[PDB]
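fold the stuff below for me.
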Amino acid sequence: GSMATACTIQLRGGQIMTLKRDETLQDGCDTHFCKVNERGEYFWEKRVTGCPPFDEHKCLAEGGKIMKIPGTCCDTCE
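Numbering: from 1, shown residues only. Right below this line is the structure:
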């Protein structure tokens, strides 16, 4: 019947993205892969790591702004 034709992902920033097979999502975050099995189904692999503990107080009040980490989604300061 109906089968998977792609990987419907959601970025941490609030964005539902459509990846086809062998497609990936280029964003500074936990890398999103979309692959297909030998049966034709699509798998959404999230390449995830551990982000460094962040002091949001050590930012902002100290005169900084909070950015996004490349390679994983977490809080960081300029």
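
who's in contact with the one helix or strand residue 18 maps to?
Element membership of residue 18, judged by DSSP states H and E, is strand 15-19. The set of residues external to strand 15-19 that reach it, using Cβ atoms under 8 Å, 6 or more residues apart in numbering, is 6-11, 25, 32, 34, 44. For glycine as for every other residue, the C-beta is placed from the backbone atoms N, C-alpha and C.

closest one to residue 56 out of those residues, please.
Among the contacts of strand 15-19, residue 11 lies closest to residue 56 (Cβ to Cβ), at 20.9 Å.

could you pull out the strands for the chain?
7-11, 15-19, 24-25, 31-36, 42-47, 66-68, 75-77 (DSSP state E).

the fourth one vs strand 15-19, what angle?
Spelled out, that is strand 31-36. Put simply, strand 31-36 runs at 40 degrees to strand 15-19, going by axes from the mean of the first three to the mean of the last three Cα atoms, to 10 degrees.

do the same with the fifth one
In terms of direction (the same axes, to 10 degrees), strand 42-47 departs from strand 15-19 by 120 degrees.

ok so, going back, out of the contacts of strand 15-19, the closest to residue 57 would be?
Nearest member of those to residue 57, counting by Cβ to Cβ, is residue 11, at 26.5 Å.

from residue 26, how far off is the closest one?
Remark: distance between residue 11 and residue 26 (Cβ to Cβ, to the nearest Å) = 11 Å.

out of the two, which sits in the more crowded spot?
residue 11 (14 against 8; other Cβ atoms under 10 Å).

correct me, but that one touches residue 25?
Yes: using Cβ atoms under 8 Å, residue 11 makes contact with residue 25 at a distance of 7.0 Å.
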